[PDB]
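Trainee: Provided herewith: entry.cif, mmCIF, C-alpha atoms and all ligand atoms.
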data_start
#
loop_
_atom_site.label_atom_id
_atom_site.label_comp_id
_atom_site.auth_asym_id
_atom_site.auth_seq_id
_atom_site.Cartn_x
_atom_site.Cartn_y
_atom_site.Cartn_z
CA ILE G 1 -5.45 2.19 -10.13
CA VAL G 2 -6.57 4.97 -12.51
CA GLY G 3 -4.75 5.25 -15.82
CA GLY G 4 -2.71 2.11 -15.18
CA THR G 5 -1.98 -1.05 -17.14
CA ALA G 6 -2.06 -4.76 -16.45
CA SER G 7 0.85 -6.42 -14.69
CA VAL G 8 2.22 -9.86 -15.55
CA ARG G 9 3.03 -12.76 -13.23
CA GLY G 10 6.05 -12.21 -11.00
CA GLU G 11 6.27 -8.50 -11.81
CA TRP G 12 5.45 -7.18 -8.29
CA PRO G 13 6.24 -10.15 -6.05
CA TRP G 14 6.01 -8.21 -2.76
CA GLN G 15 2.39 -7.21 -3.49
CA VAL G 16 -0.26 -9.15 -1.57
CA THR G 17 -4.05 -9.03 -1.55
CA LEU G 18 -5.53 -8.96 1.95
CA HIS G 19 -9.01 -10.51 2.09
CA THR G 20 -11.65 -10.23 4.74
CA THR G 21 -14.09 -13.10 5.17
CA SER G 22 -16.88 -11.37 7.09
CA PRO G 23 -19.71 -11.28 6.11
CA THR G 24 -18.39 -12.57 2.80
CA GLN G 25 -14.95 -13.02 1.27
CA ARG G 26 -13.59 -10.05 -0.68
CA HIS G 27 -10.44 -8.09 -1.33
CA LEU G 28 -9.96 -5.61 1.53
CA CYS G 29 -6.64 -3.89 0.90
CA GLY G 30 -3.23 -4.22 -0.61
CA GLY G 31 -0.07 -4.92 1.36
CA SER G 32 3.67 -5.50 0.97
CA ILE G 33 5.86 -8.41 2.06
CA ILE G 34 8.72 -6.98 4.16
CA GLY G 35 9.79 -10.16 5.98
CA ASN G 36 9.06 -13.87 6.01
CA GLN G 37 6.28 -13.37 8.56
CA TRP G 38 5.53 -9.65 8.08
CA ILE G 39 3.20 -7.63 5.86
CA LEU G 40 3.18 -3.82 5.88
CA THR G 41 -0.17 -2.20 5.08
CA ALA G 42 -2.44 0.72 6.08
CA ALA G 43 -4.15 1.04 9.47
CA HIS G 44 -7.37 2.32 7.85
CA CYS G 45 -7.83 -1.14 6.28
CA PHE G 46 -8.97 -2.53 9.64
CA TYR G 47 -11.92 -0.20 10.15
CA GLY G 48 -14.68 -2.55 11.23
CA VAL G 49 -12.47 -5.67 11.26
CA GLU G 50 -13.48 -7.45 14.48
CA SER G 51 -10.30 -9.52 14.87
CA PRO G 52 -7.47 -11.14 12.86
CA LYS G 53 -9.53 -14.36 12.70
CA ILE G 54 -11.40 -13.17 9.60
CA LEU G 55 -8.34 -12.12 7.58
CA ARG G 56 -6.58 -14.06 4.84
CA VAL G 57 -3.30 -12.98 3.21
CA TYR G 58 -2.81 -14.17 -0.38
CA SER G 59 0.59 -13.80 -2.03
CA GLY G 60 1.77 -14.65 -5.51
CA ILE G 61 -1.58 -13.59 -6.99
CA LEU G 62 -1.90 -11.90 -10.36
CA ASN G 63 -5.66 -12.32 -10.94
CA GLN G 64 -8.23 -12.24 -8.15
CA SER G 65 -10.01 -15.06 -10.03
CA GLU G 66 -7.08 -17.37 -9.15
CA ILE G 67 -8.35 -17.45 -5.55
CA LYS G 68 -10.61 -20.49 -4.99
CA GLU G 69 -11.64 -22.55 -1.98
CA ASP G 70 -8.39 -24.56 -2.15
CA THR G 71 -6.00 -21.65 -2.77
CA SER G 72 -3.40 -21.48 -0.02
CA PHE G 73 -3.30 -18.36 2.16
CA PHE G 74 -1.57 -17.17 5.31
CA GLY G 75 -3.46 -16.69 8.54
CA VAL G 76 -2.84 -13.50 10.51
CA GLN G 77 -1.51 -13.92 14.05
CA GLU G 78 -1.53 -10.23 15.01
CA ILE G 79 -2.59 -6.84 13.63
CA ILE G 80 -0.25 -4.09 14.89
CA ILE G 81 -1.71 -0.63 14.26
CA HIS G 82 0.28 2.48 15.06
CA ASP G 83 -0.70 3.74 18.53
CA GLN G 84 -1.42 7.26 17.27
CA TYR G 85 -3.59 6.28 14.28
CA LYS G 86 -7.05 7.89 14.28
CA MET G 87 -7.93 8.40 10.59
CA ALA G 88 -6.00 8.21 7.34
CA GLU G 89 -6.05 11.94 6.62
CA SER G 90 -4.43 12.69 10.00
CA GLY G 91 -1.47 10.36 9.44
CA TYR G 92 0.02 7.35 11.20
CA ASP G 93 -1.79 5.23 8.59
CA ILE G 94 0.44 2.19 9.02
CA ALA G 95 -0.05 -1.36 10.26
CA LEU G 96 1.95 -4.57 10.47
CA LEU G 97 0.44 -8.01 9.99
CA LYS G 98 2.33 -10.83 11.71
CA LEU G 99 1.61 -14.04 9.81
CA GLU G 100 1.01 -17.36 11.53
CA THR G 101 3.93 -18.96 9.67
CA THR G 102 6.85 -17.91 7.48
CA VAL G 103 6.66 -17.11 3.78
CA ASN G 104 9.15 -19.24 1.92
CA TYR G 105 10.23 -16.77 -0.73
CA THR G 106 9.80 -17.78 -4.38
CA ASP G 107 9.85 -16.07 -7.76
CA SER G 108 6.24 -14.98 -7.12
CA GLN G 109 6.54 -13.96 -3.44
CA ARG G 110 9.52 -11.81 -2.49
CA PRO G 111 10.22 -9.10 0.09
CA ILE G 112 10.75 -5.44 -0.69
CA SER G 113 13.44 -3.54 1.22
CA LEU G 114 12.61 -0.61 3.48
CA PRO G 115 14.22 2.75 2.60
CA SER G 116 17.87 2.31 3.52
CA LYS G 117 19.77 4.04 6.29
CA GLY G 118 21.76 6.90 4.80
CA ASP G 119 19.28 7.36 1.92
CA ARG G 120 17.20 10.10 3.56
CA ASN G 121 18.12 12.66 0.86
CA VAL G 122 17.64 10.40 -2.18
CA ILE G 123 15.42 11.87 -4.89
CA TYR G 124 13.27 8.96 -6.09
CA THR G 125 12.40 9.37 -9.78
CA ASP G 126 11.18 5.83 -10.60
CA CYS G 127 8.08 5.24 -8.44
CA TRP G 128 5.10 2.96 -9.11
CA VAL G 129 1.73 2.39 -7.44
CA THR G 130 0.10 -1.03 -7.84
CA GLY G 131 -3.20 -2.63 -6.90
CA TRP G 132 -6.55 -4.20 -7.75
CA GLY G 133 -8.53 -1.04 -7.01
CA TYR G 134 -11.06 0.93 -9.03
CA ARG G 135 -10.12 2.43 -12.39
CA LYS G 136 -12.40 5.42 -11.64
CA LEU G 137 -14.42 6.65 -8.69
CA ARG G 138 -17.53 4.55 -9.46
CA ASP G 139 -16.10 1.20 -10.58
CA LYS G 140 -15.26 -2.25 -9.19
CA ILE G 141 -12.29 -4.26 -7.96
CA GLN G 142 -10.15 -5.31 -10.92
CA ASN G 143 -9.24 -8.90 -11.71
CA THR G 144 -5.66 -8.27 -12.90
CA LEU G 145 -3.20 -6.36 -10.73
CA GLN G 146 -2.63 -2.90 -12.24
CA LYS G 147 0.44 -0.64 -12.25
CA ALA G 148 1.07 3.06 -12.88
CA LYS G 149 4.23 5.18 -12.77
CA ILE G 150 3.61 8.32 -10.72
CA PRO G 151 5.96 11.23 -9.91
CA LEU G 152 6.59 12.31 -6.33
CA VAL G 153 5.49 15.83 -5.39
CA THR G 154 7.14 18.07 -2.80
CA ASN G 155 5.37 18.36 0.53
CA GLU G 156 5.13 22.13 -0.04
CA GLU G 157 3.20 21.63 -3.27
CA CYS G 158 1.09 18.90 -1.67
CA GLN G 159 0.09 21.15 1.24
CA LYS G 160 -0.96 23.83 -1.28
CA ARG G 161 -3.36 21.30 -2.86
CA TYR G 162 -4.79 20.20 0.53
CA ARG G 163 -5.16 23.42 2.51
CA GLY G 164 -7.83 21.79 4.68
CA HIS G 165 -5.46 19.06 5.89
CA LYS G 166 -2.14 19.00 7.72
CA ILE G 167 0.42 17.54 5.31
CA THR G 168 3.33 16.47 7.52
CA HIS G 169 6.81 15.11 6.93
CA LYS G 170 5.35 11.67 7.74
CA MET G 171 3.39 11.83 4.47
CA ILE G 172 4.58 11.80 0.86
CA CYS G 173 2.45 12.87 -2.10
CA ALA G 174 2.50 11.71 -5.70
CA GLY G 175 0.58 12.64 -8.82
CA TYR G 176 0.56 14.52 -12.11
CA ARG G 177 -0.54 18.15 -12.13
CA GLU G 178 -3.06 17.31 -14.89
CA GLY G 179 -4.24 14.16 -13.07
CA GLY G 180 -5.04 10.93 -14.89
CA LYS G 181 -2.94 8.39 -12.95
CA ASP G 182 -3.52 7.69 -9.26
CA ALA G 183 -4.54 5.09 -6.74
CA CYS G 184 -8.26 4.65 -6.17
CA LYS G 185 -10.69 2.63 -4.03
CA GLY G 186 -9.23 -0.76 -3.19
CA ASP G 187 -5.59 0.21 -3.66
CA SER G 188 -5.04 1.46 -0.10
CA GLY G 189 -2.48 -0.41 1.97
CA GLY G 190 -0.48 -1.38 -1.11
CA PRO G 191 3.00 -0.14 -1.96
CA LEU G 192 4.41 2.96 -3.55
CA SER G 193 7.57 1.20 -4.79
CA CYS G 194 10.59 3.16 -6.07
CA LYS G 195 13.68 1.75 -7.75
CA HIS G 196 17.05 3.24 -6.85
CA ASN G 197 20.38 1.81 -7.97
CA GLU G 198 18.30 -1.07 -9.40
CA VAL G 199 16.94 -2.03 -5.96
CA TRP G 200 13.25 -1.59 -5.08
CA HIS G 201 12.34 0.27 -1.89
CA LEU G 202 8.99 0.55 -0.12
CA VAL G 203 8.80 4.34 -0.08
CA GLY G 204 5.08 4.82 0.57
CA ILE G 205 1.88 3.10 1.68
CA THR G 206 -1.21 4.04 -0.35
CA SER G 207 -3.39 6.02 2.07
CA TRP G 208 -5.84 8.72 0.91
CA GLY G 209 -6.73 11.44 -1.55
CA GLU G 210 -9.49 13.75 -2.73
CA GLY G 211 -11.19 11.80 -5.48
CA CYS G 212 -9.13 9.65 -7.84
CA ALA G 213 -6.60 11.09 -10.32
CA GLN G 214 -8.13 14.56 -10.28
CA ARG G 215 -6.13 17.52 -11.56
CA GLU G 216 -3.91 19.08 -8.87
CA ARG G 217 -5.02 16.58 -6.19
CA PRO G 218 -2.17 14.14 -5.62
CA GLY G 219 -2.48 10.84 -3.84
CA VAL G 220 -1.17 10.85 -0.28
CA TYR G 221 1.01 8.02 1.03
CA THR G 222 2.44 7.10 4.41
CA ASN G 223 6.13 8.11 4.29
CA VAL G 224 7.67 4.74 5.19
CA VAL G 225 11.19 6.09 5.92
CA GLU G 226 9.76 8.01 8.89
CA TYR G 227 8.41 4.78 10.43
CA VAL G 228 11.50 2.56 10.03
CA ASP G 229 12.33 2.74 13.75
CA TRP G 230 8.73 1.81 14.56
CA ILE G 231 8.84 -1.13 12.12
CA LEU G 232 12.15 -2.42 13.47
CA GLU G 233 10.88 -2.13 17.04
CA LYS G 234 7.72 -4.11 16.31
CA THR G 235 9.45 -6.78 14.20
CA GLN G 236 12.40 -7.38 16.57
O1 LIG G 301 -8.54 2.02 -1.30
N1 LIG G 301 -8.67 3.23 -0.96
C1 LIG G 301 -8.02 4.17 -1.65
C2 LIG G 301 -8.11 5.52 -1.31
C3 LIG G 301 -7.37 6.51 -2.09
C4 LIG G 301 -7.97 7.45 -2.93
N2 LIG G 301 -9.36 7.54 -3.06
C5 LIG G 301 -10.13 8.63 -2.83
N3 LIG G 301 -11.38 8.30 -3.04
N4 LIG G 301 -11.36 6.97 -3.40
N5 LIG G 301 -10.12 6.50 -3.41
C6 LIG G 301 -7.21 8.38 -3.65
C7 LIG G 301 -5.82 8.38 -3.54
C8 LIG G 301 -5.21 7.45 -2.69
CL1 LIG G 301 -3.50 7.46 -2.54
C9 LIG G 301 -5.98 6.53 -1.97
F1 LIG G 301 -5.40 5.63 -1.16
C10 LIG G 301 -8.90 5.85 -0.21
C11 LIG G 301 -9.56 4.86 0.51
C12 LIG G 301 -9.43 3.53 0.11
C13 LIG G 301 -10.08 2.38 0.80
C14 LIG G 301 -10.33 2.64 2.26
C15 LIG G 301 -11.02 1.46 2.86
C16 LIG G 301 -10.21 0.24 3.18
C17 LIG G 301 -10.71 1.11 4.30
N6 LIG G 301 -11.29 1.93 0.15
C18 LIG G 301 -11.47 0.68 -0.37
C19 LIG G 301 -12.75 0.69 -0.87
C20 LIG G 301 -13.39 -0.44 -1.56
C21 LIG G 301 -13.02 -1.76 -1.47
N7 LIG G 301 -13.77 -2.64 -2.24
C22 LIG G 301 -14.68 -1.96 -2.91
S1 LIG G 301 -14.70 -0.27 -2.65
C23 LIG G 301 -13.24 1.98 -0.61
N8 LIG G 301 -12.35 2.75 0.02
#
Here is the file; what I need is its structure written in the form of structure tokens.
Mentor:
Amino acid sequence: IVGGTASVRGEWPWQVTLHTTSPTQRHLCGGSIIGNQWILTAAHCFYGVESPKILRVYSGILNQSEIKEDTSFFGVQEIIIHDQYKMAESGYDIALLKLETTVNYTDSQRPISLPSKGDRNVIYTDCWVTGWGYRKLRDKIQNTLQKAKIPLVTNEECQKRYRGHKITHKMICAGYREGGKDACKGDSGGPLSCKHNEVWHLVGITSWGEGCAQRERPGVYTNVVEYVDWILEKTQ
């Protein structure tokens, strides 16, 4: 996260850190708890992942340094990537992880609701991106989970900033015109979380962008409301 600040324990309890363990263990992507055995993340995260065997899901983590050889994690039973996914910039950047067992929810590990039926025309004004990613283009994964409030941008404005890409209704864009706050490398797959009537909703999945926090180049997010039927179908 560029231009963000440190979170505290329990502040974003649906946020998980997905680790790969091949050829060495490291943070791969963010993700969001949406059910006791279900994580929602980005399909691009699994580029070069040979199978679910090498994945570890860690929840209730504030600092990456908390993760040691005895830290509990969830195994991944199945990776479900959208059938039309080809690359993040073309859309369909969405994946479900089915865990091998059920999260018992606690103060530090909680689900986030999907955008609610009948809320299609809600204007979200309280949206936050979170993650352990770079603070600038040439950086490193951060120890403490970071947060930044970022305003949504209309798809018309977003298309004007990305005339070489097709910005569809299945994407949502977010950023300041002057830049300075954005997701960056290592934040992909995590949530764009928006609070409405004091309830948090998973509005976006961090997906792609031209650079990090550049002027007039918003971050692009998978528009979760447009995949609710797909999510319900896979998780039934
Ligand atoms: O995470 N992440 C974020 C963005 C991104 C950007 N960025 C544009 N240029 N950089 N970021 C801007 C706006 C928005 Cl919304 C973004 F989602 C693009 C790509 C990635 C991921 C894809 C990898 C997982 C397949 N990635 C992770 C790493 C590293 C991990 N460990 C050390 S490096 C490098 N790439």
Trainee: Near residue G:209, within 9 Å and counting only C-alpha atoms, which residues show up once chain neighbours fewer than 4 positions away are dropped, as a list in words?
Mentor: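 So, after excluding close chain neighbours, the residues are residues 89, 183, 184, 213, 217, 218, 219, 220 and 221 of chain G.
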Trainee: Quick one: write out the picked residues with C-alpha atoms as a JSON list (two decimals), in the frame of the given file?
Mentor:
[["chain", "number", "residue", "atom", "x", "y", "z"],
["G", 89, "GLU", "CA", -6.05, 11.94, 6.62],
["G", 183, "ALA", "CA", -4.54, 5.09, -6.74],
["G", 184, "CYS", "CA", -8.26, 4.65, -6.17],
["G", 213, "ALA", "CA", -6.60, 11.09, -10.32],
["G", 217, "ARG", "CA", -5.02, 16.58, -6.19],
["G", 218, "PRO", "CA", -2.17, 14.14, -5.62],
["G", 219, "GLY", "CA", -2.48, 10.84, -3.84],
["G", 220, "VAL", "CA", -1.17, 10.85, -0.28],
["G", 221, "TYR", "CA", 1.01, 8.02, 1.03]]
Trainee: For the interface of chain G with ligand LIG 301 (chain G) (cut-off 9 Å, counting all atoms listed in the file), please tabulate each contacting residue of chain G alongside its nearest pair of atoms and their separation in Å to one decimal, rows sorted by chain and increasing number, as JSON lines.
Mentor:
{"residue": "G:26", "atom": "CA", "partner": "G:LIG301", "partner_atom": "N7", "distance": 7.6}
{"residue": "G:27", "atom": "CA", "partner": "G:LIG301", "partner_atom": "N7", "distance": 6.5}
{"residue": "G:28", "atom": "CA", "partner": "G:LIG301", "partner_atom": "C21", "distance": 5.8}
{"residue": "G:29", "atom": "CA", "partner": "G:LIG301", "partner_atom": "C16", "distance": 5.9}
{"residue": "G:30", "atom": "CA", "partner": "G:LIG301", "partner_atom": "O1", "distance": 8.2}
{"residue": "G:42", "atom": "CA", "partner": "G:LIG301", "partner_atom": "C16", "distance": 8.3}
{"residue": "G:43", "atom": "CA", "partner": "G:LIG301", "partner_atom": "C17", "distance": 8.4}
{"residue": "G:44", "atom": "CA", "partner": "G:LIG301", "partner_atom": "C17", "distance": 5.0}
{"residue": "G:45", "atom": "CA", "partner": "G:LIG301", "partner_atom": "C16", "distance": 4.1}
{"residue": "G:46", "atom": "CA", "partner": "G:LIG301", "partner_atom": "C17", "distance": 6.7}
{"residue": "G:47", "atom": "CA", "partner": "G:LIG301", "partner_atom": "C17", "distance": 6.1}
{"residue": "G:48", "atom": "CA", "partner": "G:LIG301", "partner_atom": "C17", "distance": 8.8}
{"residue": "G:88", "atom": "CA", "partner": "G:LIG301", "partner_atom": "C11", "distance": 8.4}
{"residue": "G:129", "atom": "CA", "partner": "G:LIG301", "partner_atom": "CL1", "distance": 8.8}
{"residue": "G:133", "atom": "CA", "partner": "G:LIG301", "partner_atom": "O1", "distance": 6.5}
{"residue": "G:134", "atom": "CA", "partner": "G:LIG301", "partner_atom": "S1", "distance": 7.4}
{"residue": "G:136", "atom": "CA", "partner": "G:LIG301", "partner_atom": "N4", "distance": 8.4}
{"residue": "G:137", "atom": "CA", "partner": "G:LIG301", "partner_atom": "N4", "distance": 6.1}
{"residue": "G:138", "atom": "CA", "partner": "G:LIG301", "partner_atom": "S1", "distance": 8.8}
{"residue": "G:139", "atom": "CA", "partner": "G:LIG301", "partner_atom": "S1", "distance": 8.2}
{"residue": "G:140", "atom": "CA", "partner": "G:LIG301", "partner_atom": "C22", "distance": 6.3}
{"residue": "G:141", "atom": "CA", "partner": "G:LIG301", "partner_atom": "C22", "distance": 6.0}
{"residue": "G:173", "atom": "CA", "partner": "G:LIG301", "partner_atom": "CL1", "distance": 8.1}
{"residue": "G:174", "atom": "CA", "partner": "G:LIG301", "partner_atom": "CL1", "distance": 8.0}
{"residue": "G:182", "atom": "CA", "partner": "G:LIG301", "partner_atom": "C7", "distance": 6.2}
{"residue": "G:183", "atom": "CA", "partner": "G:LIG301", "partner_atom": "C8", "distance": 4.7}
{"residue": "G:184", "atom": "CA", "partner": "G:LIG301", "partner_atom": "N5", "distance": 3.8}
{"residue": "G:185", "atom": "CA", "partner": "G:LIG301", "partner_atom": "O1", "distance": 3.5}
{"residue": "G:186", "atom": "CA", "partner": "G:LIG301", "partner_atom": "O1", "distance": 3.4}
{"residue": "G:187", "atom": "CA", "partner": "G:LIG301", "partner_atom": "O1", "distance": 4.2}
{"residue": "G:188", "atom": "CA", "partner": "G:LIG301", "partner_atom": "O1", "distance": 3.7}
{"residue": "G:189", "atom": "CA", "partner": "G:LIG301", "partner_atom": "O1", "distance": 7.3}
{"residue": "G:190", "atom": "CA", "partner": "G:LIG301", "partner_atom": "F1", "distance": 8.6}
{"residue": "G:205", "atom": "CA", "partner": "G:LIG301", "partner_atom": "CL1", "distance": 8.1}
{"residue": "G:206", "atom": "CA", "partner": "G:LIG301", "partner_atom": "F1", "distance": 4.6}
{"residue": "G:207", "atom": "CA", "partner": "G:LIG301", "partner_atom": "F1", "distance": 3.8}
{"residue": "G:208", "atom": "CA", "partner": "G:LIG301", "partner_atom": "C9", "distance": 3.6}
{"residue": "G:209", "atom": "CA", "partner": "G:LIG301", "partner_atom": "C6", "distance": 3.7}
{"residue": "G:210", "atom": "CA", "partner": "G:LIG301", "partner_atom": "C5", "distance": 5.2}
{"residue": "G:211", "atom": "CA", "partner": "G:LIG301", "partner_atom": "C5", "distance": 4.3}
{"residue": "G:212", "atom": "CA", "partner": "G:LIG301", "partner_atom": "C6", "distance": 4.8}
{"residue": "G:213", "atom": "CA", "partner": "G:LIG301", "partner_atom": "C6", "distance": 7.2}
{"residue": "G:217", "atom": "CA", "partner": "G:LIG301", "partner_atom": "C7", "distance": 8.7}
{"residue": "G:218", "atom": "CA", "partner": "G:LIG301", "partner_atom": "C7", "distance": 7.1}
{"residue": "G:219", "atom": "CA", "partner": "G:LIG301", "partner_atom": "CL1", "distance": 3.8}
{"residue": "G:220", "atom": "CA", "partner": "G:LIG301", "partner_atom": "CL1", "distance": 4.7}
{"residue": "G:221", "atom": "CA", "partner": "G:LIG301", "partner_atom": "CL1", "distance": 5.8}
Trainee: Have a look at G:229, G:93, G:126, G:156 and name the one nearest to residue G:199; count all atoms listed in the file.
Mentor: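 Closest residue, counting all atoms listed in the file: G:126.
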Trainee: Counting all atoms listed in the file, which residue out of G:87, G:232, G:203, G:96 sits closest to residue G:165?
Mentor: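 Selected residue with least distance to residue G:165: G:87.
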Trainee: Point out the residue among G:57, G:145, G:62, G:81 with the least atom-to-atom distance to residue G:6, counting all atoms listed in the file.
Mentor: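 Of the candidates, the smallest distance to residue G:6 is held by G:145.
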Trainee: What lies within 7 Å of residue G:216 using only C-alpha atoms, ignoring chain neighbours under 6 positions off, as a count of residues only?
Mentor: 4
Trainee: Take the point (11.5, -7.3, 13.3) in the file's coordinates, draw a sphere of radius 10 Å around it, and report as a ChimeraX atom specification every protein, DNA or RNA residue with an atom inside or on it, counting only C-alpha atoms.
Mentor: /G:34-35,37-38,98,230-236
